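Visitor: My sequence and its experimental structure, below.
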Amino acid sequence: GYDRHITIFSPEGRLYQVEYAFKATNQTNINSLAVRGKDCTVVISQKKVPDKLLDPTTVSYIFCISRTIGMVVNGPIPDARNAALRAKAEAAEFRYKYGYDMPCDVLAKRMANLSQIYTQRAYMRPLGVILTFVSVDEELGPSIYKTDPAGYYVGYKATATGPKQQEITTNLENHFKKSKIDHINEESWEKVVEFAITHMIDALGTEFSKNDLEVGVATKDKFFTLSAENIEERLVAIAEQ
Amino acid sequence: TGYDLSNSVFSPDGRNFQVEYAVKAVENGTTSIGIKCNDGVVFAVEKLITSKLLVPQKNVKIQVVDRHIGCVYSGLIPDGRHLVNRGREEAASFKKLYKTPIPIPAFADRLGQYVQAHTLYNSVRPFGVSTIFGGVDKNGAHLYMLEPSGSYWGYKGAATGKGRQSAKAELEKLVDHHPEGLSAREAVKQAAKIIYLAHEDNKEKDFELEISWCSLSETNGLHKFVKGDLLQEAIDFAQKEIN
Amino acid sequence: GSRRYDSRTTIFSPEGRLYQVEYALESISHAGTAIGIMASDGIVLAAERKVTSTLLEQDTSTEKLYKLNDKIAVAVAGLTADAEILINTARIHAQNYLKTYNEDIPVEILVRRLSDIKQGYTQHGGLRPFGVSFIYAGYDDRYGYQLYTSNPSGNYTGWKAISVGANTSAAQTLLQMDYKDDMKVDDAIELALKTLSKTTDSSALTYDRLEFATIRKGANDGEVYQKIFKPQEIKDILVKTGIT
Amino acid sequence: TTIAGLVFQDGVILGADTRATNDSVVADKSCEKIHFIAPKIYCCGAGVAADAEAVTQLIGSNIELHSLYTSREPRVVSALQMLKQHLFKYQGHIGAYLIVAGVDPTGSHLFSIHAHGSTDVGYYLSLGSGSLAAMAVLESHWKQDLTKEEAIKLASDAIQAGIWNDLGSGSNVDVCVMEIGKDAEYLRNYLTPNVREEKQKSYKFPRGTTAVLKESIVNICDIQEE
Amino acid sequence: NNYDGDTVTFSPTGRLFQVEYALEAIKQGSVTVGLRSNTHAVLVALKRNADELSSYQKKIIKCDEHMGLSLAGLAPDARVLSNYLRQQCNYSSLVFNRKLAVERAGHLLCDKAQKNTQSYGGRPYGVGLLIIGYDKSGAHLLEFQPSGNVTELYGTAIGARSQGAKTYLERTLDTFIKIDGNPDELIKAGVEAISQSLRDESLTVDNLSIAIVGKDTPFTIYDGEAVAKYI
Amino acid sequence: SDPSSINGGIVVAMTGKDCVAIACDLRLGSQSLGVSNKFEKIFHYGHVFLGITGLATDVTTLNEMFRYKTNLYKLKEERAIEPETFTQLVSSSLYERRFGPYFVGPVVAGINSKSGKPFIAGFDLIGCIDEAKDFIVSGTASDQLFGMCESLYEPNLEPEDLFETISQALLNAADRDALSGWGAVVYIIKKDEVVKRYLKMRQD
Amino acid sequence: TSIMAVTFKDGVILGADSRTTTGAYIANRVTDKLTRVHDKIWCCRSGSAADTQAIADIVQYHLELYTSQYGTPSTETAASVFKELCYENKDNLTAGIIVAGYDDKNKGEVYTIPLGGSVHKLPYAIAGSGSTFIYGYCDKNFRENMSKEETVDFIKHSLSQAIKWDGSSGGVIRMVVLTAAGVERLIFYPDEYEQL
Amino acid sequence: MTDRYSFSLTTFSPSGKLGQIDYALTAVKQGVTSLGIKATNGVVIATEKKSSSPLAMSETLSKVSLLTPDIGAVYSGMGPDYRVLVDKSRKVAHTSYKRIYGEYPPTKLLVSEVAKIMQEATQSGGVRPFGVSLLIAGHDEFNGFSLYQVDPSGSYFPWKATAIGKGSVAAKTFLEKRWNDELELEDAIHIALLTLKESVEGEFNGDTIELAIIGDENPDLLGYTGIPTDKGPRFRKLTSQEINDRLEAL
Ligand SMILES: *[C@@H](CS(C)(=O)=O)[C@H](Cc1ccc(CN)cc1)NC(=O)[C@@H](NC(=O)[C@H](CC(C)C)NC(=O)[C@@H](Cc1ccccc1)N=[N+]=[N-])[C@@H](C)O
Ligand SMILES: [Cl-]
Ligand SMILES: [Mg+2]
Ligand SMILES: [Mg+2]
Ligand SMILES: [Mg+2]
Ligand SMILES: [Mg+2]
């Protein structure tokens, strides 16, 4: 049964190492969510600092890939950082060669093609991560594109990733069935972050303090992460209505 | 089964068993710790005196990278040395190109990516060390701990090896009892105590204490070994606390 | 390391056989039958297509008979994709020879080259061999009309008539029975089709199932013509010989 | 060679003469010096003709593959960056001097590229042996917010200045207009001011004038067949 | 068991079996002793013969004028590692006009051995080394294991029955460390130490191999009638 | 020293009404020494004709190279190459030796078998294409040929008239060049017949 | 070319003419020689335009990749990357670059990198063909900790003289102001600066 | 940090089977249905947009890809493997053909190059075969319209009409009854939509179906005017609205 150890086909036409890499994705037990506003793209992710000895400021699964592109990872941190460093290198090389900022969807495709190579070439293992790329693209507007260990990628109106992704997904599905639009009809990103947090609270059934969340926001010409105090301001506004 | 025979193979769980087996080599090794203080970091390590024939103060375990970073590790000692050698190359090329000495977070990812790369192929073995390292850069003090998987985080206190649970419990008390922070000279004393307390797990053979530190005020942000009177003061403090 | 997953494609069995060559030959025994017959005034190449579907576009289709140069053609039995890799190499070797010596490549030299490439895959590199057997039909001014075959081992041999692929045992007995040395192309055409008609696993032999070709020194003014038969022309020769 | 490019209200325009030379002899009286890169990106070429042609074709090919890969309209800055990095690599040994212009989602753009890999940004540019004749016209008459009708007039005038006053330049005027929100219109032989006058005599010979030693039919067909 | 096919594989308890099997080749090797004072450092080696017609396999190799080692295990691997040491000692002299520190020599051997334990295809070195030297910080004795572990010591022994000599040195520690400016008495203590590891056989003239380095003493090897004095 | 004028020679090509003509001299020399009076410079690959002037070793090498490439083209495409496509193949092949070029002046001539359109083209030694309606010239007497063609030529000449025009263009140009002449060949090309004629000219 | 960078109280200002010549022909009379390698790290280019553009493009790439990993680079770091390219490829380059940048910690800094690939940290720097004519003027009139208006006048007067005497220099005087407040572009036309 | 897999991972078994190719074909069988039909004046290729989530924007995932202006491709099997093949196919059309001959390759030769890439993954060291079957429809001047299938082995066959993937056996039978040599392009699109409805479970509309044609030249889609010889791409992807119009006359 060596068809389960390397990336070759099983008799069923399956790649077991790819399937097991998908399982490694949930090893962190962290749930992420991404939504789009009018002018922005918001990504939120659970933050869990179990050890008191840890420096909580260094515990993060959100990465600033370029000025415009942000990336949240669902999976172990070594593979997450492997993917982050590569995406940063690719985004920089793109800008140098072609004279404009790498689009979110093109980076996603590039990383997905790299992921595909690990599913076809035996000596390289798949990375056990799901990469969710976010930006406000200058042509396509607010953008969410997600990559997995299979090398699959697609654009999203909104998305969720983690152990409890299905609960978050259906919550978001039901909202967009009502509104009948592809985005959160909201002017400020602050209110789009409030929406994202609110709908994660409803979906997961858990309350959040400032240290339990981690937020990334993409606007036109920059992506940034919120501090604990910026999130606290968000949590106060949710509670007050 | 057979998923644990080759490195870089995912088990049906989503685990790399060879990396988990490297962790066992780390757990088998001597105790080493790191303490983040107000303006720096302190490193300490347990050195088992196998025999009277070992020359005291000679078999030095703690290693310097560049001039501002200290590294200590538990597990397979040669694997640790290999990682520090790489760390030194990474710190040299960073300084060569960018002039400034390598920041600690930047240095941490250099080791992180290198260790992680040794979980990507069956043609290499994972590292059999957990490495506690850190120092002072332009943004202040930083302490890190890096595992065989490539995983690393920033720490207030860190501990690894055979006496890690004992040490971790002692570090957790210091964090609770000193929220405003710990001084560099205090951290040296506490480091000595923690290694002495963690020695109950390796209690058969007697041991030799080794401490180092980087501190903005006490060492000008350079890595130095604790020697002579300051070392003996820490040993006396540690000996007093166990009795 | 990687050693664990290595099949070791280039080793001897205890009996002194090359495992992968033998298993490649087993693959080839299931492929559609190809027959080559050499006459005094030409060579016939006949071959049976494997995938009968009514929706297959036959007139633009080529799975069996390929042209290497103006003087040399091949009939394929085995993996078509593998054969095309080798065919393009053979096409290049012919043009390298023509560029170097300003003469068309002798048939045997082309055959030996391809056969040597196949041999290499059995002795080094750790790769699987090519799952292909060729029938080479060709002409040159030294030996005249020549038929050869090569197989995955890289061994090649010359023939007056020969089959490869499926039912070669049965096919070779029938050819050995009805072949004669003074035979002509028109007679060899009839023999080739009659042999396929008896050895075929199908219910009946039809035009949509066949690829057919002739190399004749019966062109205008003593030249050599390669004719790859069109579907309608295969249908006509089937009526002429009295099979349909 | 006289090539020029200038910007107008909602677009960019390129101009070029149609003469190719070998030292003092005219090899081609109607050659196309406005090269195609993408549907809405064009490149005026000067210097070594094979080099200008080859470098635009190569970058045009890579721009097409990039456009397919990214699912986007190609940008002029991409063509610019790729051209300059290629030319820089070869240290001027690829003697191509180019004016690149086009429209993309960013807007309309106009650049020049020198053989060693330096690039300029401009509202009006000219290259080749007729550049000074053209630039004199552009410096005299160019203004901001030109209409398309004024821009075509000015571009063709700039090229004409080169045609008449520069020996390296001649024959016809090619133009390419790239306007925002519209298909680029390529206007080969936009002006034809140099048609040859009717000859005084016909030099058609009486048949049998040339002495012949042998005749034969050439077999061009495949296989004369039975 | 299943995890000993190559050096690249950890066992479930975090062990490298190929390294441990290389370690076993040292235990099968003939005994050699190392010890030092503040002024001198001594190697004593029991050489092994194939039979009575054969020569006794040489155990001691010179690396520089101020450094050398004794071996126990695979002699060809000692030749590779000693050649590497010779080159590193030589590089230090040619480039920096500097005699290589004995501590730094150990670090280089450690790192060279380590590379063979982490990569596929290679094998660990099948030999243990005792390096003695005299450098700018006085006399030194090192013990090299092919796991990579190098250890600075006052005295030690490696090879078969080495535990007998190692215990003797552990008792004698306070005496032999003080043997300063007296090479013959330091060798006597090494010869008496290696005698504790003997069974059946005793120290003959072509059996025993001694080497010494010190303050005003280059690394020199004594064999044959030169060691009859100490029997 | 100048490779393009060691061996000498010329090629000219012209279009006519439903026809093309290509012609060349027969000289091969070593500077002043005449060596061969049978060195033809026009080759054909199916119905596409290629004339090549310049360094004779490269003339031979390129002929062998384009025979090679058009043979493989035909095997893969299952049809003969057309003049427009072959022109691009010549250009590609020359430009790939940009910094160590073949010292030649190629000339393509032929009729597109599908459209019936007469086609001629010329190139420099690194592959720049000159596609002409009227005529193409090449070789050591290219200046002389430009002068002859530019005055003698008129469009839409019938095959037998075009023969006279191209022949007189070649002969009179060759007679003003020391390194050209020693015989000449003219190919008259129509859609499905090609006539080849050897001309009588002065042998100095 | 006449280019300069001048540190002052609030930060640093880069200044340049706009003339690019091919011999005696002015190929571009409105060139922008002040080029951005990072938000608040800019450089002035002199020498081969191809070489300085190629270098600046590589530096911008390196600092973009630095920022993704390690946050905002220092001006010293930018100068080091410029130096590394210039020094290691000194046999194939003709580049004279002035690097100028604003940190909040270090405030305004200026580094000059002449032909050899050496680095020199200075209070102000001048370079390009037209700089020879203003060494005297700049040395006499430069003061440390000038105001923004004084530094703009110092650069305007300096480059006005460089332009006046150097044929290779001319056109408009472009400037780029680097402070905590942000990035300000200034332009000054012939009719303004010639009458100074 | 070495690639030590220099040996074939696809080998002959005792029965003569190449296991990995057979298993790749099994993966293709599990994949969503796609089909191709050739008319007299065009070719149509079609497939279902099987959306993995309703939050996903299925417009961004293109199963039907332009390879050249006159050639298009569709697949069944593993989507990532297809995506990288399209990237390589587009590139090889330039490097091994357009940069040499100054024109796009004919359908059969581009197919031959794709086939070659797939064959190499079936014999080279340390790789598995591609887990896709492609349908490649195209036009060129001398061969006219054509439709090719390409399998994981590297083998390719020309078809009048065919289907691959999930419901291919049923779909091929449906096409055998309906296909004739006098079909216009509109008739072939109509038959393609009828055939594809049988294999689709859920919604059946322009948003869940992807359909493209190789037909007449589209000078409107070219993007520029002024060259009479360049008349525009024959490849055209039908819009969501254009599909829905034909579903009313169904
Ligand atoms: C004008 C350029 S100028 C006089 O420098 O301003 C035109 C520009 C141009 C650009 C593109 C095209 C067509 N795509 C045509 C014209 N350039 C020239 O006319 C150049 N001419 C050539 O390069 C000629 C072209 C042949 C076809 C006549 N080639 C040569 O003169 C040399 C080229 C060559 C150069 C270096 C090494 C080898 C050869 N050859 N020969 N033989 C410009 C050079 O005049
Ligand atoms: Cl890619
Ligand atoms: Mg793999
Ligand atoms: Mg003459
Ligand atoms: Mg003469
Ligand atoms: Mg001036």
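Guide: Perfect, thanks for sending it. Residues are numbered from 1 along each chain as shown, chains lettered A, B, ... in the order given. Ligands and ions are numbered 1, 2, ... in the order given.
Visitor: show me what contacts the residue in chain A that ligand 6 sits nearest to?
Guide: Using CB to the ion, the single residue of chain A nearest to ligand 6 is residue A:99, 32.2 Å away. (C-beta placed from N, C-alpha, C; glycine too.) Going by CB atoms under 8 Å, 6 or more residues apart in numbering or on different chains, residue A:99 touches D:75, D:77, D:78, D:80, D:81.
Visitor: now it: how far from residue D:79?
Guide: 9 Å (CB to CB, to the nearest Å).
Visitor: and what of residue F:195?
Guide: 49 Å.
Visitor: In chain F, which residue sits nearest chain G?
Guide: Closest to chain G within chain F is residue F:99: 18.0 Å, counting by CB to the nearest CB.
Visitor: What strands flank the lengthiest strand in chain C, and is each parallel or antiparallel?
Guide: Ranked by residue count and defined by DSSP state E, the top strand of chain C is strand C:132-140. Strand C:132-140 has its sheet partners listed here by DSSP bridges as strand C:72-78 (antiparallel), strand C:144-150 (antiparallel).
Visitor: Deepest in the core, which of these is it.
Guide: Across the strands paired with strand C:132-140, averaging neighbours per residue (mean count of other CB atoms under 10 Å in any protein chain shown) puts strand C:72-78 on top, at a mean of 28.
Visitor: Quick one: check the helix or strand following it for contact with chain F.
Guide: As assigned by DSSP states H and E, the chain's next helix or strand after strand C:72-78 is helix C:80-101. Yes. Judged by CB under 8 Å from any CB of the partner chain, helix C:80-101 and chain F are in contact via C:91, C:92, C:95, C:96, C:98, C:99.
Visitor: Mind giving me the packing neighbours of helix C:80-101?
Guide: Judged by 3 or more CB pairs under 8 Å, 6 or more residues apart in numbering or on different chains; DSSP states H and E, helix C:80-101 is in contact with strand C:65-67, strand C:72-78, helix C:107-123, strand C:132-140, helix F:56-77, helix H:107-120.
Visitor: Next, count neighbours for residue C:236.
Guide: Number of residues near residue C:236 (other CB atoms under 10 Å in any protein chain shown) recorded here: 13.
Visitor: ok, and what's touching the helix or strand hosting it?
Guide: Residue C:236 is part of helix C:231-241 when elements are defined by DSSP H and E. Residues from elsewhere that reach helix C:231-241 (CB under 8 Å, 6+ apart): C:58-59, C:189-190, C:193-194, C:205-208, C:210-212, C:229, C:244.
Visitor: Repeat the analysis, applying 10 Å as the threshold.
Guide: Residues from elsewhere that reach helix C:231-241 (CB atoms under 10 Å, 6 or more residues apart in numbering or on different chains): C:46, C:58-59, C:61, C:186, C:189-194, C:197, C:205-212, C:214, C:227, C:229-230, C:243-244.
Visitor: can you check stretch F:69-77 too?
Guide: With CB under 10 Å, 6+ apart as the test, stretch F:69-77 has contacts from C:66-70, C:87-88, C:91-92, C:94-95, C:98-99, D:222, F:44-46, F:48, F:50, F:66, F:79-81, F:85-86, F:89-90, F:92-93, H:100-101, H:105-106, H:108-109, H:112, H:140, H:142-143.
Visitor: And those residues, which of them are buried?
Guide: C:66-70, C:87-88, C:91, C:94-95, C:98, F:44-46, F:48, F:50, F:66, F:80-81, F:85-86, F:89-90, F:92-93, H:100-101, H:105-106, H:108-109, H:112, H:140, H:143 (16 or more other CB atoms under 10 Å in any protein chain shown).
Visitor: what's near enough to touch the spatially most central residue of chain F?
Guide: Geometric centre of chain F, nearest residue: residue F:51, 2.6 Å, by CA atoms, centre = their mean. Counting by CB under 10 Å, 6+ apart, residue F:51 makes contact with F:9-13, F:22-24, F:40-44, F:59, F:105-109, F:120, F:122, F:136, F:138-139, F:185, F:187.
Visitor: tell me the contacts of residue 26?
Guide: The chain I'm using is chain A. Contacts of residue A:26 by CB under 10 Å, 6+ apart are A:74, A:75, A:128, A:130, A:161, A:162, A:163, A:164, A:165, B:14.
Visitor: Sorry, I should have been clearer: chain H.
Guide: A:9, A:10, A:11, A:12, A:13, A:14, H:77, H:131, H:152.
Visitor: same thing but at 7 Å, please
Guide: By CB atoms under 7 Å, 6 or more residues apart in numbering or on different chains, the contact list for residue H:26 reads A:12, A:13.
Visitor: Quick one: distance of the helix or strand encompassing it to the chain centre.
Guide: Assessed by DSSP H and E, residue H:26 sits inside helix H:19-30. The chain centroid and the centroid of helix H:19-30 are separated by 18 Å, computed with CA atoms, centre = their mean, to the nearest Å.
Visitor: after it, next one along is what?
Guide: strand H:34-38.
Visitor: Work out the sheet partners of that following strand and label each with its direction, please.
Guide: Note on strand H:34-38: by DSSP bridges, its sheet partners are strand H:43-48 (antiparallel), strand H:161-164 (antiparallel).
Visitor: outside of the longest helix seen in chain E, which residues touch it?
Guide: Among the segments of chain E that qualify as a helix by DSSP state H, the longest is helix E:75-96. When contacts are defined by CB under 7 Å, 6+ apart, helix E:75-96 is touched by residues E:57, E:61, E:63-64, E:67, E:69, E:71, E:98-100, E:105, E:108-109, E:112, E:125-127, E:129.
Visitor: ranges for the helices of chain A?
Guide: A:16-24, A:77-98, A:104-120, A:165-179, A:189-204, A:228-239.
Visitor: In CSV: these, plus mean neighbour count and distance to chain E.
Guide: Below are the helices of chain A laid out as CSV (neighbours: other CB atoms under 10 Å in any protein chain shown; distance: least, CB to the nearest CB, whole Å):
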stretch, mean neighbour count, distance to chain E
helix A:16-24, 21, 19
helix A:77-98, 21, 17
helix A:104-120, 23, 19
helix A:165-179, 15, 33
helix A:189-204, 20, 37
helix A:228-239, 15, 39
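Visitor: need those helices in JSON lines with distance to chain H, can you?
Guide: Listed next are those as JSON lines, based on distance: least, CB to the nearest CB, whole Å:
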{"stretch": "helix A:16-24", "distance to chain H": "10"}
{"stretch": "helix A:77-98", "distance to chain H": "14"}
{"stretch": "helix A:104-120", "distance to chain H": "4"}
{"stretch": "helix A:165-179", "distance to chain H": "6"}
{"stretch": "helix A:189-204", "distance to chain H": "13"}
{"stretch": "helix A:228-239", "distance to chain H": "23"}
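Visitor: okay, those in CSV with distance to residue B:183 next?
Guide: Formatted as CSV, the helices of chain A follow (distance: least, CB to CB, whole Å):
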stretch, distance to residue B:183
helix A:16-24, 42
helix A:77-98, 32
helix A:104-120, 46
helix A:165-179, 46
helix A:189-204, 40
helix A:228-239, 26
